[PDB]
Amino acid sequence: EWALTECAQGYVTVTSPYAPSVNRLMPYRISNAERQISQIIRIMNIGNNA
Amino acid sequence: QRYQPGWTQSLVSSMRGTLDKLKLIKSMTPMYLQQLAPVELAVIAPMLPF
Amino acid sequence: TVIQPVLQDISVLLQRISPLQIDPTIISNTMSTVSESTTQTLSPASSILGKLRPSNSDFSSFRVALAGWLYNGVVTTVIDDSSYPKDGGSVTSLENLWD
Amino acid sequence: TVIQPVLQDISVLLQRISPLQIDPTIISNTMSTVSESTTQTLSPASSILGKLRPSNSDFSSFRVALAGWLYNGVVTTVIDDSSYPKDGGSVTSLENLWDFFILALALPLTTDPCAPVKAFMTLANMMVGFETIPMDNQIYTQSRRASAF
Amino acid sequence: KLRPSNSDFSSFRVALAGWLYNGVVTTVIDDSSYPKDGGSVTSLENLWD
Amino acid sequence: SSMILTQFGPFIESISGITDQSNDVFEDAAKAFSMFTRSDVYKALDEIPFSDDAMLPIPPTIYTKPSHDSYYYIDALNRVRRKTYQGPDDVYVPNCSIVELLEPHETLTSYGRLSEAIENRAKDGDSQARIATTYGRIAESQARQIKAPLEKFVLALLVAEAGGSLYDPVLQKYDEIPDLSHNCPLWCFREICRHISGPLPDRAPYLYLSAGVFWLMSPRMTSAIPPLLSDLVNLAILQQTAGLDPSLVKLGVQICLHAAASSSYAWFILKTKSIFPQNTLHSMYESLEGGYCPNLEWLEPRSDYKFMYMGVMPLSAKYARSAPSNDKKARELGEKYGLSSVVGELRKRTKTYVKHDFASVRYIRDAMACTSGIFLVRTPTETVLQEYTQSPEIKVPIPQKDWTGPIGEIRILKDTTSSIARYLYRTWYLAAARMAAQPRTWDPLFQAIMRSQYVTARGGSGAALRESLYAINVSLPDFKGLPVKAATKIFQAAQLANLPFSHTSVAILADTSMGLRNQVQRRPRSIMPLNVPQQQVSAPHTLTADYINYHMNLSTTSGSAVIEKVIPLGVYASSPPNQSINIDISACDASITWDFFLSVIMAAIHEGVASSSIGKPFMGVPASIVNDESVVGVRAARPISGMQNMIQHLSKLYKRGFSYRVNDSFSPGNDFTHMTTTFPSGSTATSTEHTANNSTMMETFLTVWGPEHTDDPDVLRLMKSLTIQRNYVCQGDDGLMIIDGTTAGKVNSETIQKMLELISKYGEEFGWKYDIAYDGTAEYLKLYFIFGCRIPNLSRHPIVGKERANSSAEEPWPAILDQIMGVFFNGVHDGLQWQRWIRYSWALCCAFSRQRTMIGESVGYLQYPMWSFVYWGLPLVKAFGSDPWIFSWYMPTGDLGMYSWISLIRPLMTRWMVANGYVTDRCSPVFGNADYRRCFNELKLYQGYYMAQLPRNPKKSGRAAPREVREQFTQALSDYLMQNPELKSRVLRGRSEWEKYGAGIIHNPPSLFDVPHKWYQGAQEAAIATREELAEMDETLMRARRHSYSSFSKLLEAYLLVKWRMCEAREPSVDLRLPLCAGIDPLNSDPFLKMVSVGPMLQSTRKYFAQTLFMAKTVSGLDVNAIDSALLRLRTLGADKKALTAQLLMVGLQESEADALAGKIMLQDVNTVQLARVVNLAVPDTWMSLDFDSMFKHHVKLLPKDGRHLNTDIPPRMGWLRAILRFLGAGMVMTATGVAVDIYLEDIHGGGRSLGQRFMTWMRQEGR
Amino acid sequence: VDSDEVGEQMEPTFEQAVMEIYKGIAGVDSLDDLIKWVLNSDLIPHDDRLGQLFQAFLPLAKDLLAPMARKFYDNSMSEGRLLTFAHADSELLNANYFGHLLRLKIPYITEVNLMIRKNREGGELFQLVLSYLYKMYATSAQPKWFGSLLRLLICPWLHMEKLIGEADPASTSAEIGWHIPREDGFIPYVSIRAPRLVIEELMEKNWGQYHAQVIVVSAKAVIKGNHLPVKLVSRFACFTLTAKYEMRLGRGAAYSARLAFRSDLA
Amino acid sequence: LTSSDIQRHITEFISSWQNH
RNA sequence: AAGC
RNA sequence: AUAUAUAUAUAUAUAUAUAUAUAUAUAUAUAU
RNA sequence: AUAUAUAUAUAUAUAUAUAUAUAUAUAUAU
RNA sequence: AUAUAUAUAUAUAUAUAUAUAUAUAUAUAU
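Chains V, Z, W, D, S, L, U and A supply the protein sequences, listed in that same order. Those letters in the first sequence? Residues 480 to 529, by PDB author numbering. Those letters in the second sequence? Residues 779 to 828, by PDB author numbering. Those letters in the third sequence? Residues 530 to 628, by PDB author numbering. Those letters in the fourth sequence? Residues 530 to 678, by PDB author numbering. Those letters in the fifth sequence? Residues 580 to 628, by PDB author numbering. Those letters in the sixth sequence? Residues 2 to 1265, by PDB author numbering. Those letters in the seventh sequence? Residues 443 to 624, 636 to 669, 681 to 713, 720 to 736, by PDB author numbering. Those letters in the eighth sequence? Residues 211 to 230, by PDB author numbering.
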C-alpha cells in the first residue's frame, strides 16, 4: 500500500488490513542490479530500429 | 465565498438561511436520546438471550 | 449470519416500544420549499431536500445503531463508505457541502 | 418565487401610470448616419445593432428593475450570467467591446452593492495579457469571471 | 495552413511521450514541414511556415 | 439473348462505355421498351443458360395451398376477424389458394378479378361472401405494394447486364462481378413462373394495373406469390448491382422460400427478421487480430455535439468482443422455424474474420442486405384490435393518499410522496416556469405561427367535428361549389373562422378518424389525426416539451434522411474503448396514460404557468374561472389563464380516453367505434413529449432509483460516473447510452450486464418495457455502427416496393419519374458500385421515358429526351467523343451540374461540333465558331433542358368557382389568421411603407396577406385531378417539345462566362486504410477517392444550417428561404433600409427590431451558403455527407495562380460574386471523377462588372 | 349488471385464482399464512408486503380478467343500455369499455362493511385484502359523491309527477324506437313522458338521421355512426336512462334500422 | 471456376494503388 | 377516411 | 515480345499446451 | 486426406394414425 | 340449461414415412 500510494502521488488511497496474518507468500522484490541488467538487455535488442 | 469560486450568483444569503433553519428545528430526537433511550435499553437488556 | 437476527430483532423491539415517532414532514414544513430559483438552477433549499430524501420511510439504521451500543465488544458500527463525498469531494461543490 | 410576481405587478402598474414609452426607431435612425467604407470586413454599426435588438418588450424588465429599488432588504437584483462574455472576451474583438458597453451602462441601475467591482472586473477580464494589475491572491486572479465577485 | 495532413493531431502526444526515451529515440521535425526551396521573407506563406 | 442484343445493340454499346451517347439511340431504345409484351420478356428469360451453382430445391408445398375458409370467423359484433393458429400475432394474410374466386376477364380469358357476384352477396350481408371478399381485397392490396410491373425492372436488368463487365478508368482493369448465369434469384423466378404458367401460353402469374390486379387462372396460384416475386427481383437486382456474394444470396432465397411455404408469408418474415443481424453484426470479432479504429474526441459543450477527428489507433486482442454471447438464442430461433442450417453457415462464416478491414464490413453489409424488404400488409380491423388493446402495467403505482383536492380536472401532487413521480413533476414544473417567462411567448407573431403550424392540407377528421358541432345546434358555413376538399384542416379552419371558443369547446371531445401507414420489416402503424380545436388546445404541452428538449437534455431533431443525422455520435460511440447501449421503448405510445404520467405532467404544467401568465388570453383561448379544492375544508373559485383553460380541457380529454372511428374498406360490415387510452400518434406533441419523458426517466434512474437499488460497488461507481448531459442521447422512444472507455481499457462487461438488468427491472414498475441491446454495436435511428464504421442497411430501401395503404388508384404517368430518381439517389447514399448503378439507372430511365396518350384520335407519344434526366442529376457516361466514365454522380442538379459538365468538356465539344459540319461564322465566347444554336435544337438538348423543369403533377388551379364563394373563403381564412389587431396594424404599416419605398424593385414581396391565397391553392391542389388536367399536361409537354429555343436561362448563360484552372491535388483528409462507410472501398474507387480527398462531414447539418438564416421560424405557408432571398435581393439592388423595414413588417415583425435587423443586414457580411441562395443555389443533397465547408473556404481560390489578371477583378460593392463563384468552382471540382483538386479562377469573359449587371438584371426581372 | 358478473364467466372464477396467488410467495404456505403475513394485527397492510401482493396479483388481472371483461362488455352493449358496476375504473379502462364513465365514492367506512358481512367464501379478511388490492389498482382521479347519480336518476321524474300525475297517460306519453320495414317491426329505445305541448314539439324532429343494424323474442342491435345527442330529447321530458331490447308480437334477419317517433297519435 | 475470393479482390486494388 |  | 538478376503476394503441408462447459459419484436445504 | 453415391441414428418441418383434455354442430331424454 | 352419442377444430405426447443438416460405415477415383 505504501508503494502504490506513493506511485500515484497520493491521488488514490489504498488500504491494508491490520490484524494477525496467515503468512502469504508474494515474491516481487529484486535488487536494482537485476533491473539494470534487464534494462540493458532490452535496450540491446531494441537497438537501432524505429 | 473565499472557497467557492465559479458561483456566478451570490448564494450567501440562501445558504445562511438554510443553515439557520436546520439549526433551530424542533427535533425532539436529542431529547429522547438523552433521557428515555437509556431507560429503554436498561429495561430491555436483562431479558435478552444474549 | 449468527449476529444478524439478534440486531434486527432488537432494532424492531426498540422501534415499537419507544414513544418516539420519526416524521419527515417536520423537515418539509421547516424548509417550506417546492423549487425556488425559477430560472437559475442553483437552489440550496431544493438541493438539501433532494439529498435527504425525507419521503423515504425506512429507519432501520437508527434502531440498529442504538442496539449496537449493547454489543460493542463483538460488532462495530461504522458509516458506509458510499456516504462519503465522491472522490473526496471539494468545498466548491454545493452537493459535497450537504454530504 | 414568492416575491417575483409582486415585482411584475408593480411593473405593470408603473407602465400603466408612466408617460414614458419606447421610441421605435431612434437607435436605428441615429446609427444609419455613420459614415463607413463598403470595403471593410467589419462594420461597428452592424455589430451594435445585432447586439441591441430592441424587442420593445424590454421596458418590462426595466420596470421590474425600478421596482427592485423598494425591496433591497430581501431582493437583490443582479445582472444574469449570460450577459457577460462567454470566455471573458478580448479588447481586440468588436463584439466584446459592445458587450462591455452594454454591461457598463446596465450595471449602475441594479441594487447589488457589489456592482462597481463587477463593472471594473468586466474590463479587467477583457484586458488580460494586454495590460496587467496586481490582484489579492491566486484564486480571485485577473482572469476570473467578473460575475464571481 | 493550420490543418495538418490527414488531420493527425497525434504528434503532440507522441512528442510528450518521447521525453522519457531520449536515450534511444531522438524526435525530430520532418523535412516536409520546411519550405521546399528555403522560402523567402517576401512571401507571406513562408512567413507563416 | 439474341433478340436482346438485336434490339439494343446501339443502346447497350452506348451505356456500357463503348460508343457516344445520343438522343436518337435513347429514343429508339425507349420505343423498343414500349413495344415488348410480358410473355416476350419471359421467353427472353428462358434463354439464359443458368449454371449449376444457381440450382437449389424448391419445395412443392408452395403451389398446393388450402382454402381460406378456416382462417377467418365472425365475432359477436358481426365483424370479420382473423383466426389465429400460431399465436396472438397471426393476424396477417394466410397463404391460401385463390383461383376458385376469380371471374374470367373479357378479352383476357386467362386472367380475372374477384367475382362481382360474391361482392353482391357480400354487400347483402352473407357471411361466406364477406369472408371471401375480405380475403380477395386484402390479397389485392398485398399484391399492389410495388412501384411498377416487375417485368419492367427485370427487362431493364437484362438490358443492362447484356453489356458484360465494365472497365475501371481508375483501376485500369475489369471488374469480376459474375454474370447472370450465376444469379440464383433469376433462375428461381423463371422456374416458379414457368411452373405456375405450365402449358397455358401466357407467362405472367398476375397483371398489375392502376385499377388493381388480375390473377392468372391456375390451380397452383397462391396469394403468397407476389411478395415472393418482389423479394426475388430485389435480390437479383442487388446481387448484380452491388456485387453481393452469391452464397449469401442463396441463403436469402432459402429464407424467402421457407416464408412462402409457411402458413403466412408476412407473419413468417416478421418473426424471422433478425437472423442476419443476430448472426453477423451482433456476434462479430469474437477473436480480434488487428485493424484500425478512428480516434475521435467529444469537445465541450457536449450539448453542441462538437466532435473533432484525431487519427487511427491500431487494434489489439485487448479489444475483442466482450458482450455476452448470443449463441443459444440464435440457435433456438433457428430451430424454432427450421432454419438451423442457415444459422450454422452464418455463424461458421462469421467466425472466419479476425481482422477489421474493408473485407469484414463489406461482408457484414452484404449479409444485412439479404433481409426481405416487403411492406407488411394486414387489414385495418386487426391492426386496431391488436395495437389499441394493450395497456400499461403500472407494477408499483402512486399511493392514492398523496393527492390534493381537484382544481377543475387536475389534482395537485404532494411533496411527501415516496414515489419517483416527484422528480418528473419537479422537472415539468421548472420547465413550465421557464417557458412562460419568455417574452417571445406573448408576442402576437409567435402565437400566430403556433396557430398556423397545424393548419395544413392534410386530413383532420372534419366530419366528426361537423356532427359534434351539430350536437349543440351550431351550423357552419358550407362553402357550396368550392372545387376543394372539405376533408382538410384548412377547410376546418375556414369553417371555424369566426366562432367563440365557448361554442367550439365541445369539439375537442369529438371522435377521431382512421389512418394507416405500412413499413418495411415492421407491423403497419396507425395514426389518430386530431382536429383543429384539439391541436389548438394541445399547445402548452408541446411548448413545454420543446423547452425541455432544447435546454435540459441532449436531444436531436433530425429527420430520417441519412444526411441530416448525427453520424459523429454513432461513430464515436461504436469506437473502442467506448461502449454503447441501445435502449428502446416497446409500444411507447400505448405506455403513457393518465395512471402515472398524464396525471402528473398536466398538474405540473398547470401549476408552473399561473405566475408568469395570470389573466391573459392565448391562441384565441380566453381566461376562465374554476373551482378550488386543494386545501382541506375551503372550497373556492379561482381565475386561470388561457393556457390553464387549455390544460383543463385537455385534462378532461385525457381522463376520458379516445374515440377512434374505423371504416374497414377491405371488409364489408366492419365499422364501429373503439374506446382506447393509447396516446395519439398524429398530434404535434408526440415526439417531443416522448423524448422529454425518456430523458427525465433516464436521469431519475441514474440519480435516485438506481443508486438505491443496487449494492455492487462497481455498479455504484459506474452509475455515479454517468449523467444524461454527458452520456445519454434520446429521441422519442429511441435512445442511446455511451459508456466512455476508462484509462485501463474498457469497462467490465459484467458490470454493464448487471446495470442493464437494473434498468430492465426499473422500467416495469411504471409500465415501460425496456428493449435493451448490448452487443458491442451502436444503433441509433436505424443507423448501424461497428468499430467506428457505419453499415448501410440496403433492405430498408426496397427498389420495387412502394407503400400503398388505401384503395385509391395510383398516380398518372409522369409521377413515376420522381420515384425512379429517388431510387437512384437512395442507391447513391447506400454506396452501391457506381458504374453498374449508373448503367442500371440509365436502363430504367430509358424504360420509363415513353407514354402513349389519346387526345381524341390524336394518338401521340410523350417522350422525354435523355438530357432531361441529366438535368435531374443523373450523370453521363460518354458523349461528344470524350473518354468514358469521366463523370461522377456527385454532379449537382439543375443549372449547376449542366454548367459543370459543359465546363469540363467544352473544347472536345467544340471540336466534335465543328467536325460534324455545325460550323458558323459568328465567333462565340463559349463555343468559338460552332453552330450550337441549331445542334442543340436538333439534339433536343434545349428541349430536354426546358421540359425537365415542367411540373410533372396536375395543376388543379384555375377551376371554375363563383366569385362570392371564393372571396368568402379567402376572407374567412384571413379573419382566422389575423386575430390580434396589433398584427394587422403591423402588416398595414408594412404595406404602406412598401408602397412608399420598395414598390417596383421586386414583384413578389412575401406578406402575411398572401397566406390565405396559398392555403386556398394548397387545398385546391389536394383534390383528385380529372382528365382534362391530364390533357393539359400532355398538350403543355407537346408544346414544349415541338418548340425551338436559342439559349438556356439567363443564369446558366452567365455561368458559362466563367472558366477555371485545375491544379495539383489536395491533401488526404483521413487515412487511406480506415473503413468509414461500408462498401466505400477500393473496389468502389470514385466514392472512396472523393471521401478520402474531401473528408466526411464531422458536424451535424441541422445546427450548421440553423445559423444560415435570419428568421428561425415563420408562419406555415411562407418559406424562410423566400424571405431571405427577397431581403438579399432588396439589399443587392440598392434599395434603402426602409424597404427592408417594410418587408420585415409584412411578415409581422414589430417595428423596432424590424429597423434593427434591417440596418444590420444592410451593413452585415453573410456566409457563402446563405448568400448563394439569391440565385437559387443550394448545396447538392449528395454533398451533405462530406466536408464541403472547408473546401469552399480554402480550396476554391478566386485569385489566379500566376497572379492578378485584368478580368478577374471583383467590383468593391459586388462582393456577393465572391459567394457565387465558389459554387461554380465546387461544381467543377466535384463533377470530375477522381480526387478533389485545388482549383483557381482563370478568367471571366465580360469582366466582373458585366457579370454583376447580368445577375442584377435576372434578380430584378424574376417574379413576373 | 353486478360487478362480480364478469367473475363467474370462467369456470374457475377470478376469486379462486386470487386465492391461489399465495403459492407464488416465498415463506407463505397457505392463504391463512398470507393473511397473517400481510396484516399487522390491526387489519392494516404493512404497506410493503402488500407491495408484493400487488406485484403478483396485477399480472393475473391484466392477463385473465381484462380480455373476458372486454368480451362481456361487448356483448352487454348489444342488449341495450345498461348500468354497469365495477370496483376500480382501470378495469373498465383496460377492457375498452364504451359509454359514460363515473367514479363515485360513499360517506361511509367501506372496509368495515366487509368483516361483519358473514357467510363469506374465503373468509372476511380475504375480502379486506381484496378490497385493498382493488383500491391500489384504481387510477388517480377524484371520485364524485354518489348522490350526483341518484339525483339525476330520480329527482326529474319525481318533479314531473307533480305535473303529469293527473293528465291522461295516452296523450302525455311517448316512445322512441328502431324502425324496420317488412305488422311492422319496432323495438323500443327510449321512453318519454312529458306534457302534451312538449310531446307535440318533439314530434317534428329528424329522428331518421340515426341508423343502426338490428339482428334477431330477445332481439339486439348495434349503432353505427354517432349516438343520440341528449338535447334532442329536451331539457324537459324526463326519460329513462336504461333500456332492454325486445320484440313485441320469424327467420333471423339483419335488415337495417332507423328510429322513428312512434310515440302516439294523441 | 475463378470464384477466387473477395478479400483478394480488395487487396489487389490496394496493391494497384500503392504502385508508383 | 387518409396525421405529425 | 524474348532472356537474366532482385523482391512482394496467394495456395498446399506439420506440432504442443491450456482453459471453459457438460455429465457421473458424495453431501446440505425444501418437498415426497 | 479430398470428391461422388448409398445406409443407419439424432434434430426441425410436413402428412397420417392413436390416446387424453377443451370447444363447435346435429339428435334423443329431462 | 344438464346428461349421452357421432362429426369437426386446437394443444401435449408417441410412432412411421419423405426431405434437409450433422455424425458413423462401405465402394470407386486421386
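Every residue gets a Cβ at the ideal spot worked out from N, C-alpha and C, and that includes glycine.
Worksheet item: Which one or two residues does DSSP pair with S625 (chain L) in a beta bridge?
Response: Counting from one through the sixth sequence, the residue named residue 625 (chain L) turns up at place 624. L:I641.
Worksheet item: Of all the CB atoms in chain L, is at least one closer than 7 Å to the CB of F540 (chain U)?
Response: The residue you call residue 540 (chain U) lines up with position 98 of the seventh sequence. It does: the Cβ of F540 (chain U) has a partner Cβ on chain L nearer than 7 Å.
Practice prompt. Rounded to whole angstroms, what's the CA-CA distance from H230 (chain A) to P1088 (chain L)? Just pull it up for me.
Written response: Residue mapping note: residue 230 (chain A) aligns to position 20 of the eighth sequence, counting from 1. Residue mapping note: residue 1088 (chain L) aligns to position 1087 of the sixth sequence, counting from 1. Answer to the nearest angstrom: the Cα atoms are 22 Å apart.
Worksheet entry | Residues in the stretch 562-590 of chain W having any Cβ partner in chain Z nearer than 7 Å | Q569, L571, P573, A574 and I577
Worksheet entry | C-beta contact flag for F767 (chain L) and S575 (chain L) at 7 Å | Position 766 of the sixth sequence, counted from the first residue, corresponds to residue 767 (chain L). Position 574 of the sixth sequence, counted from the first residue, corresponds to residue 575 (chain L). Cβ atoms of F767 (chain L) and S575 (chain L): not closer than 7 Å.
Discussion item. Quick check on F673 (chain L): buried or exposed, where buried means 16 or more other Cβ atoms within 10 Å of its Cβ?
Written reply: Counting from one through the sixth sequence, the residue named residue 673 (chain L) turns up at place 672. Buried, since its Cβ has 16 or more Cβ neighbours within 10 Å.
Item to complete: Go ahead and pull the three-state DSSP assignment for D776 (chain L).
Response: Counted from its first residue, the sixth sequence places residue 776 (chain L) at position 775. Note: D776 (chain L) maps to coil in three-state DSSP.
Practice prompt. Pull up the DSSP beta-bridge partners for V730 (chain L), would you.
Written response: Reading the sixth sequence from its first residue, position 729 is the one you call residue 730 (chain L). Answer by DSSP bridge pairing, in chain order: L:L737.
Fill in: Through-space distance from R912 (chain L) to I1221 (chain L), alpha-carbon basis
Working through the sixth sequence from its first residue, we reach residue 1221 (chain L) at position 1220. Working through the sixth sequence from its first residue, we reach residue 912 (chain L) at position 911. Each residue's alpha carbon lies about 30 Å from the other.
Worksheet item: By Cβ distance below 6 Å, which residues in the same chain neighbour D547 (chain L) in space, the five residues on each side in sequence not counted?
Response: The sequence position of residue 547 (chain L) within the sixth sequence is 546, counting from 1. Result list for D547 (chain L): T689, in chain order.
Worksheet entry | Host beta strand (DSSP E) of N664 (chain L) (start-end) | As a first step, residue 664 (chain L) is located in the sixth sequence; it is residue number 663 there, counting from the start. Element bounds for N664 (chain L): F659 to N664.
Practice prompt. Under 8 Å Cβ to Cβ from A816 (chain L), same chain only, skipping five residues before and after it: list those, please.
Written response: As a working mapping, residue 816 (chain L) is identified with position 815 in the sixth sequence. The answer, listed in chain order, is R953 and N954.
Fill in: Those runs of the alpha helix (DSSP H) which lie wholly inside the stretch 332-398 of chain L and span at least 4 residues
341-351, 359-370 and 381-388
Practice prompt. In angstroms with no decimal places, state the Cα-to-Cα distance between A512 (chain V) and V1236 (chain L).
Written response: Counting from one through the first sequence, the residue named residue 512 (chain V) turns up at place 33. Counting from one through the sixth sequence, the residue named residue 1236 (chain L) turns up at place 1235. Between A512 (chain V) and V1236 (chain L), the C-alpha separation is close to 58 Å.
Worksheet item: What does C1078 (chain L) pair with, by DSSP beta-bridge criteria?
Response: On the sixth sequence, residue 1078 (chain L) is found 1077 positions in, with the first residue counted as 1. Its beta-bridge partners are L:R791.
Worksheet entry | is_contact[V607 (chain W), chain Z] using C-beta, thresh 7 Å | Working through the third sequence from its first residue, we reach residue 607 (chain W) at position 78. No, its Cβ sits nowhere closer than 7 Å to a Cβ of chain Z.
Worksheet item: Taking DSSP as the reference, what is the three-state secondary structure of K504 (chain U)?
Response: The sequence position of residue 504 (chain U) within the seventh sequence is 62, counting from 1. In this structure, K504 (chain U) counts as helix in the three-state DSSP scheme.
Worksheet entry | chain W contact for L431 (chain L) (CB, 7 Å cutoff) | If you number the sixth sequence from 1, residue 431 (chain L) lands on position 430. Answer yes: the Cβ-Cβ gap between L431 (chain L) and chain W drops below 7 Å somewhere.
Item to complete: Kindly indicate which residue of Z:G795, Z:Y810 and Z:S791 has the alpha-carbon position closest to the one of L549 (chain W).
Response: If you number the third sequence from 1, residue 549 (chain W) lands on position 20. Among Z:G795, Z:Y810 and Z:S791, the Cα nearest to that of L549 (chain W) belongs to Z:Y810.
Item to complete: Please report how far the alpha carbon of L735 (chain U) lies from the alpha carbon of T614 (chain U), in whole angstroms.
Response: Here the question's residue 735 (chain U) lines up with position 265 in the seventh sequence. Here the question's residue 614 (chain U) lines up with position 172 in the seventh sequence. Approximately 11 Å, taken between the alpha carbons.
Worksheet item: Grouping DSSP H, G and I as helix and E and B as strand, with all else coil, what is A816 (chain L)?
Response: Sequence index remark: in the sixth sequence, residue 816 (chain L) carries index 815 (1-based). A816 (chain L) falls in the helix class under three-state DSSP.
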